[PDB]
file structure.cif (mmCIF, C-alpha atoms)
data_coords
loop_
_atom_site.label_atom_id
_atom_site.label_comp_id
_atom_site.auth_asym_id
_atom_site.auth_seq_id
_atom_site.Cartn_x
_atom_site.Cartn_y
_atom_site.Cartn_z
CA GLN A 5 48.21 -24.48 -17.86
CA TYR A 6 50.54 -21.45 -17.83
CA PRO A 7 49.95 -19.22 -14.77
CA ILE A 8 47.72 -16.17 -15.25
CA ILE A 9 48.07 -12.88 -13.36
CA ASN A 10 45.21 -10.37 -13.65
CA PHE A 11 45.46 -6.58 -13.55
CA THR A 12 42.97 -3.86 -14.38
CA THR A 13 43.48 -0.16 -15.08
CA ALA A 14 39.85 0.30 -13.94
CA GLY A 15 40.13 2.06 -10.57
CA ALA A 16 43.81 1.08 -10.30
CA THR A 17 45.59 2.24 -7.15
CA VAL A 18 49.20 2.15 -5.91
CA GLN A 19 48.28 -0.93 -3.84
CA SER A 20 46.56 -2.85 -6.67
CA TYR A 21 49.47 -2.14 -9.01
CA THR A 22 51.98 -3.15 -6.28
CA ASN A 23 50.10 -6.44 -5.74
CA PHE A 24 50.17 -7.05 -9.51
CA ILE A 25 53.92 -6.50 -9.98
CA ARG A 26 54.66 -8.62 -6.86
CA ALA A 27 52.53 -11.44 -8.35
CA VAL A 28 54.32 -11.16 -11.73
CA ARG A 29 57.73 -11.41 -10.03
CA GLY A 30 56.48 -14.43 -8.04
CA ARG A 31 55.53 -16.27 -11.24
CA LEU A 32 58.70 -15.24 -13.08
CA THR A 33 61.25 -16.48 -10.48
CA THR A 34 61.39 -19.75 -8.53
CA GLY A 35 63.62 -18.60 -5.63
CA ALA A 36 66.30 -21.12 -6.68
CA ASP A 37 68.74 -18.42 -7.78
CA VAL A 38 69.56 -15.36 -5.66
CA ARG A 39 72.87 -13.53 -5.97
CA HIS A 40 73.91 -10.62 -3.75
CA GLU A 41 70.25 -10.49 -2.57
CA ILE A 42 68.97 -10.15 -6.18
CA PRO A 43 66.85 -12.97 -7.73
CA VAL A 44 67.82 -14.38 -11.12
CA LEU A 45 65.32 -15.54 -13.76
CA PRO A 46 65.42 -19.22 -14.80
CA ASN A 47 68.14 -20.35 -17.18
CA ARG A 48 66.74 -20.92 -20.69
CA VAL A 49 69.06 -23.94 -21.08
CA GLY A 50 67.11 -27.11 -20.25
CA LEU A 51 63.99 -25.21 -19.13
CA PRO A 52 60.91 -27.39 -19.81
CA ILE A 53 58.31 -25.92 -22.17
CA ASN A 54 55.53 -26.28 -19.54
CA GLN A 55 57.46 -23.77 -17.39
CA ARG A 56 58.45 -21.29 -20.12
CA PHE A 57 55.67 -18.69 -20.08
CA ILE A 58 53.35 -16.69 -17.83
CA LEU A 59 50.19 -14.86 -18.87
CA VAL A 60 49.21 -11.34 -17.88
CA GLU A 61 45.52 -10.66 -18.43
CA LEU A 62 44.94 -6.93 -18.68
CA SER A 63 41.48 -5.45 -18.35
CA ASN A 64 40.42 -1.81 -18.58
CA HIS A 65 37.55 0.56 -17.63
CA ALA A 66 36.28 0.14 -21.24
CA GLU A 67 35.46 -3.53 -20.32
CA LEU A 68 38.03 -4.90 -22.76
CA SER A 69 40.67 -7.55 -22.09
CA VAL A 70 43.97 -8.59 -23.67
CA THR A 71 46.39 -11.32 -22.54
CA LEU A 72 50.12 -10.74 -22.80
CA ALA A 73 52.50 -13.71 -22.92
CA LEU A 74 55.79 -13.23 -21.06
CA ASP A 75 58.88 -15.41 -21.42
CA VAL A 76 60.07 -16.33 -17.88
CA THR A 77 63.76 -16.34 -18.94
CA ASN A 78 63.78 -12.58 -19.63
CA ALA A 79 60.28 -11.21 -18.76
CA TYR A 80 59.96 -10.36 -22.50
CA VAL A 81 56.46 -9.78 -23.92
CA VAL A 82 56.51 -12.31 -26.79
CA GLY A 83 52.96 -11.72 -28.00
CA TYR A 84 49.33 -11.17 -27.09
CA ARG A 85 45.78 -12.51 -27.45
CA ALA A 86 42.66 -10.41 -27.99
CA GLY A 87 39.46 -12.46 -28.42
CA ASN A 88 39.72 -14.61 -31.56
CA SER A 89 43.25 -13.54 -32.57
CA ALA A 90 46.81 -13.90 -31.28
CA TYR A 91 49.87 -11.99 -32.48
CA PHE A 92 53.53 -12.80 -31.84
CA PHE A 93 56.70 -10.80 -32.46
CA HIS A 94 59.13 -12.27 -35.00
CA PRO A 95 61.14 -14.97 -33.11
CA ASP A 96 64.94 -14.55 -32.72
CA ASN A 97 65.59 -18.27 -33.40
CA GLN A 98 64.02 -21.67 -34.23
CA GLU A 99 63.58 -22.77 -30.59
CA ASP A 100 61.69 -19.53 -29.71
CA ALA A 101 59.50 -20.08 -32.79
CA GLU A 102 58.64 -23.59 -31.55
CA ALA A 103 58.13 -22.29 -27.98
CA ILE A 104 55.40 -19.79 -28.99
CA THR A 105 53.37 -22.59 -30.67
CA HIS A 106 52.59 -23.66 -27.07
CA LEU A 107 50.82 -20.32 -26.42
CA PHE A 108 47.12 -19.55 -27.05
CA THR A 109 46.64 -22.97 -28.68
CA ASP A 110 42.83 -22.70 -28.90
CA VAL A 111 42.83 -19.29 -30.66
CA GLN A 112 41.16 -19.26 -34.11
CA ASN A 113 43.62 -16.84 -35.78
CA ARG A 114 47.40 -17.03 -35.20
CA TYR A 115 49.73 -14.36 -36.58
CA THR A 116 53.46 -13.80 -36.37
CA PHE A 117 54.54 -10.21 -37.04
CA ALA A 118 57.36 -9.84 -39.56
CA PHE A 119 59.05 -7.47 -37.08
CA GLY A 120 60.78 -8.21 -33.75
CA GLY A 121 59.59 -6.75 -30.44
CA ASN A 122 62.68 -4.85 -29.25
CA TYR A 123 62.44 -1.13 -28.35
CA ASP A 124 64.56 -0.12 -31.39
CA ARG A 125 62.05 -1.71 -33.79
CA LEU A 126 58.95 -0.63 -31.85
CA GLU A 127 60.08 3.02 -31.63
CA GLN A 128 60.76 3.02 -35.39
CA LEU A 129 57.20 1.76 -36.07
CA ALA A 130 55.65 4.08 -33.43
CA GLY A 131 57.42 7.10 -34.94
CA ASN A 132 58.35 8.07 -31.38
CA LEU A 133 61.12 7.24 -28.90
CA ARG A 134 60.43 6.00 -25.36
CA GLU A 135 61.46 9.48 -24.09
CA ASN A 136 58.36 10.95 -25.80
CA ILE A 137 55.77 8.25 -25.00
CA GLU A 138 53.73 9.01 -21.88
CA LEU A 139 53.30 6.30 -19.24
CA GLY A 140 50.73 5.94 -16.47
CA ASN A 141 47.31 4.44 -15.82
CA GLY A 142 45.70 6.51 -18.62
CA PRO A 143 48.25 5.40 -21.26
CA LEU A 144 47.88 1.76 -20.11
CA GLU A 145 44.04 1.97 -20.23
CA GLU A 146 44.34 3.30 -23.80
CA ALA A 147 47.02 0.74 -24.74
CA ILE A 148 44.71 -2.14 -23.75
CA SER A 149 41.97 -0.74 -26.03
CA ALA A 150 44.45 -0.27 -28.92
CA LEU A 151 45.73 -3.86 -28.64
CA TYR A 152 42.15 -5.14 -28.43
CA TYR A 153 40.98 -3.38 -31.64
CA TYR A 154 44.03 -4.15 -33.83
CA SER A 155 42.54 -7.26 -35.51
CA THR A 156 39.44 -5.37 -36.72
CA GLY A 157 41.38 -2.45 -38.25
CA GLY A 158 40.63 0.16 -35.57
CA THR A 159 44.29 0.49 -34.56
CA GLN A 160 47.02 1.83 -36.86
CA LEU A 161 50.49 0.23 -36.67
CA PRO A 162 52.23 3.25 -34.99
CA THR A 163 49.53 3.23 -32.26
CA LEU A 164 49.97 -0.54 -31.82
CA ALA A 165 53.76 -0.11 -31.45
CA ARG A 166 53.26 2.79 -28.99
CA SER A 167 50.84 0.63 -27.01
CA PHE A 168 53.35 -2.26 -26.82
CA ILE A 169 55.99 0.22 -25.59
CA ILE A 170 53.60 1.27 -22.79
CA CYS A 171 52.74 -2.31 -21.74
CA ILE A 172 56.37 -3.48 -21.79
CA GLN A 173 57.58 -0.67 -19.51
CA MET A 174 54.66 -0.77 -17.08
CA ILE A 175 54.78 -4.56 -16.73
CA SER A 176 58.14 -6.10 -17.74
CA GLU A 177 60.42 -3.19 -16.78
CA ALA A 178 58.52 -2.63 -13.54
CA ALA A 179 58.96 -6.35 -12.75
CA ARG A 180 62.71 -6.10 -13.49
CA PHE A 181 63.36 -2.88 -11.56
CA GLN A 182 61.87 -1.80 -8.18
CA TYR A 183 62.93 1.69 -9.27
CA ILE A 184 60.75 1.58 -12.39
CA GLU A 185 57.88 0.05 -10.38
CA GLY A 186 58.29 3.05 -8.00
CA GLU A 187 58.07 5.49 -10.92
CA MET A 188 54.86 3.84 -12.12
CA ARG A 189 53.38 3.82 -8.56
CA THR A 190 53.96 7.61 -8.44
CA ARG A 191 52.15 8.13 -11.77
CA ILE A 192 49.20 6.08 -10.47
CA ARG A 193 49.12 7.82 -7.04
CA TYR A 194 48.64 11.25 -8.65
CA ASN A 195 46.92 10.11 -11.87
CA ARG A 196 49.56 12.02 -13.84
CA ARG A 197 50.90 10.65 -17.11
CA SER A 198 54.46 11.44 -18.18
CA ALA A 199 57.18 10.10 -20.43
CA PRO A 200 60.03 8.18 -18.71
CA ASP A 201 63.00 10.33 -17.62
CA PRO A 202 66.67 9.36 -18.34
CA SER A 203 67.01 7.31 -15.11
CA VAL A 204 64.23 5.02 -16.35
CA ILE A 205 65.55 4.85 -19.96
CA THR A 206 69.17 4.11 -18.95
CA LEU A 207 68.10 1.37 -16.52
CA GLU A 208 65.98 -0.27 -19.27
CA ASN A 209 68.90 -0.05 -21.71
CA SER A 210 71.37 -1.44 -19.17
CA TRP A 211 69.42 -4.43 -17.77
CA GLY A 212 71.50 -7.06 -19.63
CA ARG A 213 74.84 -5.40 -18.82
CA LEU A 214 73.88 -4.86 -15.17
CA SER A 215 72.83 -8.52 -14.91
CA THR A 216 76.15 -9.64 -16.41
CA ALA A 217 78.28 -7.22 -14.31
CA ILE A 218 76.61 -8.42 -11.08
CA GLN A 219 76.90 -12.10 -11.98
CA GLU A 220 80.53 -11.79 -13.14
CA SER A 221 81.54 -9.53 -10.23
CA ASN A 222 84.34 -10.26 -7.79
CA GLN A 223 82.38 -10.55 -4.52
CA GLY A 224 80.05 -7.80 -5.81
CA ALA A 225 82.77 -5.55 -7.24
CA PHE A 226 82.44 -4.73 -10.96
CA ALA A 227 85.57 -5.06 -13.11
CA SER A 228 84.28 -2.21 -15.28
CA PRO A 229 81.95 0.54 -14.03
CA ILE A 230 78.53 0.99 -15.66
CA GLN A 231 77.31 4.50 -16.43
CA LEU A 232 73.68 5.26 -15.69
CA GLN A 233 71.80 8.58 -15.67
CA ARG A 234 69.95 10.44 -12.93
CA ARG A 235 66.45 11.93 -13.42
CA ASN A 236 68.12 15.20 -14.57
CA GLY A 237 70.28 13.35 -17.14
CA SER A 238 73.59 13.67 -15.23
CA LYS A 239 75.94 10.66 -15.07
CA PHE A 240 75.94 8.14 -12.20
CA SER A 241 78.70 5.51 -12.03
CA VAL A 242 77.93 2.02 -10.71
CA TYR A 243 80.96 0.15 -9.30
CA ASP A 244 79.24 -2.45 -7.14
CA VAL A 245 76.11 -4.57 -6.75
CA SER A 246 75.38 -2.93 -3.34
CA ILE A 247 73.98 0.29 -4.85
CA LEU A 248 71.68 -1.76 -7.12
CA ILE A 249 69.98 -3.90 -4.44
CA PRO A 250 67.14 -1.32 -3.97
CA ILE A 251 66.97 -0.68 -7.76
CA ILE A 252 66.98 -4.04 -9.55
CA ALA A 253 64.42 -6.72 -8.63
CA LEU A 254 65.27 -9.46 -11.17
CA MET A 255 68.23 -10.37 -13.38
CA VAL A 256 68.46 -12.34 -16.63
CA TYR A 257 70.61 -15.49 -16.24
CA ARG A 258 74.05 -14.69 -17.69
CA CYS A 259 76.45 -17.16 -16.04
CA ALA A 260 76.64 -19.84 -13.33
CA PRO A 261 77.19 -18.52 -9.78
CA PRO A 262 80.84 -19.05 -8.69
CA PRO A 263 81.58 -21.27 -5.65
CA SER A 264 81.85 -19.53 -2.25
CA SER A 265 85.07 -19.05 -0.22
#
call {"tool": "encode", "arguments": {"input": "structure.cif", "output": "structure tokens"}}
result
Amino acid sequence: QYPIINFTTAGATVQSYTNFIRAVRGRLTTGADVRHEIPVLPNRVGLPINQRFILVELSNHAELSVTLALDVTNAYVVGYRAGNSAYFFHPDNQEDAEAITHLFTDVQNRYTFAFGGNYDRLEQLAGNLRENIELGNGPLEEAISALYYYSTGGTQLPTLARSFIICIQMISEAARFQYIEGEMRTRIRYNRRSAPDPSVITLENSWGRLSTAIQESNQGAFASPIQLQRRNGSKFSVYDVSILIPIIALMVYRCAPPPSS
């Protein structure tokens, strides 16, 4: 019932990845909510359960498949299915816990991890920060295998955490930020794996704040500037939504849009 988008690392190209991210964005947003040319994800408040999730079915050259479940309100990876087993991150609240009972309902083995799925927690378990975890088609290929073999004992917890970190950035972050999608396209074009630079990391860390600053802005003007980083780690100040239009593709819902004038 929930929409499924397919992607494979097997012979992936810039174009096939671009098609995939475009499809994900299309299933995440309805087109109802666009502010300063930037689409907003659906409001969690009053969102019917039959509209809450999308599924991303990842296949690889190894002929293995996993299905990630993404929450449409924030593009968050809430869990995954591999064959006979499904695994969910520890829910933040009771309504999220109920929500995930609507996912992978025919799976034989349902597990909820005792840990949450935020970067802080995942990096701790991985024993590596995002800045030291390589991204690209190769890492994603390997991540799909690692997720697939977890239930049978083939995948250690740090490798599982690492693999989540890869999937989240190459799917959810790429969906959120055209800039991050661009960085992943480059890695695919040249088949060259590399850890995310500070421009990628700071955008990921700032998604919530950027969403709020845009939505609370006075005609696009931020009350408080937001500091990002360039690829070389130097500071970049954001004062206005205008500079972000080519960078951010989707925002989390943070407030109601003010009336026009």
call {"tool": "closest_atom_pairs", "arguments": {"input": "structure.cif", "of": "stretch 56-78 of chain A", "to": "stretch 18-30 of chain A", "cutoff": "12 Å", "atoms": "all atoms listed in the file", "output": "CSV"}}
result
residue,atom,partner,partner_atom,distance
A:57,CA,A:28,CA,11.3
A:58,CA,A:28,CA,8.3
A:59,CA,A:28,CA,9.0
A:60,CA,A:28,CA,8.0
A:61,CA,A:24,CA,10.7
A:62,CA,A:24,CA,10.6
A:72,CA,A:28,CA,11.8
A:73,CA,A:28,CA,11.6
A:74,CA,A:28,CA,9.7
A:75,CA,A:28,CA,11.5
A:76,CA,A:29,CA,9.6
A:77,CA,A:29,CA,11.8
A:78,CA,A:29,CA,11.4
call {"tool": "residues_around", "arguments": {"input": "structure.cif", "residues": "residue A:190", "least_positions_apart": "6", "cutoff": "12 Å", "atoms": "only C-alpha atoms", "output": "VMD selection string"}}
result
chain A and resid 17 to 19 21 to 22 139 to 141 183 to 184 196 to 198 200
call {"tool": "atom_distance", "arguments": {"input": "structure.cif", "atom1": "atom CA of residue A:130", "atom2": "atom CA of residue A:143"}}
result
14.3 Å
call {"tool": "residues_around", "arguments": {"input": "structure.cif", "residues": "residue A:229", "least_positions_apart": "4", "cutoff": "7 Å", "atoms": "all atoms listed in the file", "output": "PyMOL selection string"}}
result
chain A and resi 241-243
call {"tool": "closest_residue", "arguments": {"input": "structure.cif", "among": "A:66, A:204, A:218, A:252", "to": "residue A:232", "atoms": "all atoms listed in the file"}}
result
A:204
call {"tool": "closest_residue", "arguments": {"input": "structure.cif", "among": "A:48, A:258, A:125, A:94", "to": "residue A:169", "atoms": "only C-alpha atoms"}}
result
A:125
call {"tool": "resolve_selection", "arguments": {"input": "structure.cif", "expression": "the PyMOL selection byres ((chain A and resi 244) around 10)", "output": "list in words"}}
result
residues 214, 217, 218, 221, 222, 223, 224, 225, 226, 227, 228, 229, 230, 241, 242, 243, 245, 246, 247, 248 and 249 of chain A
call {"tool": "write_last_selection", "arguments": {"input": "structure.cif", "atoms": "C-alpha atoms", "output": "PDB file, keeping the file's coordinate frame"}}
result
ATOM      1  CA  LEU A 214      73.880  -4.860 -15.170  1.00  0.00           C
ATOM      2  CA  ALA A 217      78.280  -7.220 -14.310  1.00  0.00           C
ATOM      3  CA  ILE A 218      76.610  -8.420 -11.080  1.00  0.00           C
ATOM      4  CA  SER A 221      81.540  -9.530 -10.230  1.00  0.00           C
ATOM      5  CA  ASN A 222      84.340 -10.260  -7.790  1.00  0.00           C
ATOM      6  CA  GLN A 223      82.380 -10.550  -4.520  1.00  0.00           C
ATOM      7  CA  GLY A 224      80.050  -7.800  -5.810  1.00  0.00           C
ATOM      8  CA  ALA A 225      82.770  -5.550  -7.240  1.00  0.00           C
ATOM      9  CA  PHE A 226      82.440  -4.730 -10.960  1.00  0.00           C
ATOM     10  CA  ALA A 227      85.570  -5.060 -13.110  1.00  0.00           C
ATOM     11  CA  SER A 228      84.280  -2.210 -15.280  1.00  0.00           C
ATOM     12  CA  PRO A 229      81.950   0.540 -14.030  1.00  0.00           C
ATOM     13  CA  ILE A 230      78.530   0.990 -15.660  1.00  0.00           C
ATOM     14  CA  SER A 241      78.700   5.510 -12.030  1.00  0.00           C
ATOM     15  CA  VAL A 242      77.930   2.020 -10.710  1.00  0.00           C
ATOM     16  CA  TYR A 243      80.960   0.150  -9.300  1.00  0.00           C
ATOM     17  CA  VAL A 245      76.110  -4.570  -6.750  1.00  0.00           C
ATOM     18  CA  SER A 246      75.380  -2.930  -3.340  1.00  0.00           C
ATOM     19  CA  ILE A 247      73.980   0.290  -4.850  1.00  0.00           C
ATOM     20  CA  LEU A 248      71.680  -1.760  -7.120  1.00  0.00           C
ATOM     21  CA  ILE A 249      69.980  -3.900  -4.440  1.00  0.00           C
TER      22      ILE A 249
END
call {"tool": "decode", "arguments": {"input": "structure.cif", "residues": "stretch 18-48 of chain A", "atoms": "C-alpha atoms", "output": "short mmCIF file (atom, residue, chain, number, x, y, z; two decimals), in the first residue's frame"}}
result
data_model
loop_
_atom_site.label_atom_id
_atom_site.label_comp_id
_atom_site.auth_asym_id
_atom_site.auth_seq_id
_atom_site.Cartn_x
_atom_site.Cartn_y
_atom_site.Cartn_z
CA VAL A 18 24.55 9.62 -12.58
CA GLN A 19 21.26 9.42 -14.51
CA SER A 20 19.87 6.36 -12.69
CA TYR A 21 20.73 7.90 -9.31
CA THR A 22 19.20 11.25 -10.39
CA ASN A 23 15.98 9.47 -11.44
CA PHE A 24 15.91 7.69 -8.06
CA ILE A 25 16.32 10.82 -5.90
CA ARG A 26 13.73 12.68 -8.06
CA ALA A 27 11.28 9.78 -7.51
CA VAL A 28 11.94 9.79 -3.72
CA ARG A 29 11.26 13.55 -3.54
CA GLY A 30 8.06 13.04 -5.58
CA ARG A 31 6.75 10.49 -3.06
CA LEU A 32 7.86 12.52 -0.04
CA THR A 33 6.11 15.82 -0.95
CA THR A 34 2.59 16.48 -2.27
CA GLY A 35 3.19 19.92 -3.84
CA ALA A 36 0.70 21.48 -1.39
CA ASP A 37 3.39 23.41 0.48
CA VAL A 38 6.06 25.48 -1.28
CA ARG A 39 7.73 28.46 0.41
CA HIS A 40 10.23 30.75 -1.32
CA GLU A 41 10.40 28.11 -4.12
CA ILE A 42 11.31 25.34 -1.62
CA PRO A 43 8.88 22.43 -1.01
CA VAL A 44 7.91 21.51 2.55
CA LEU A 45 7.28 17.96 3.76
CA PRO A 46 3.79 17.12 5.08
CA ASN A 47 2.87 18.25 8.58
CA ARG A 48 2.88 15.31 11.02
#
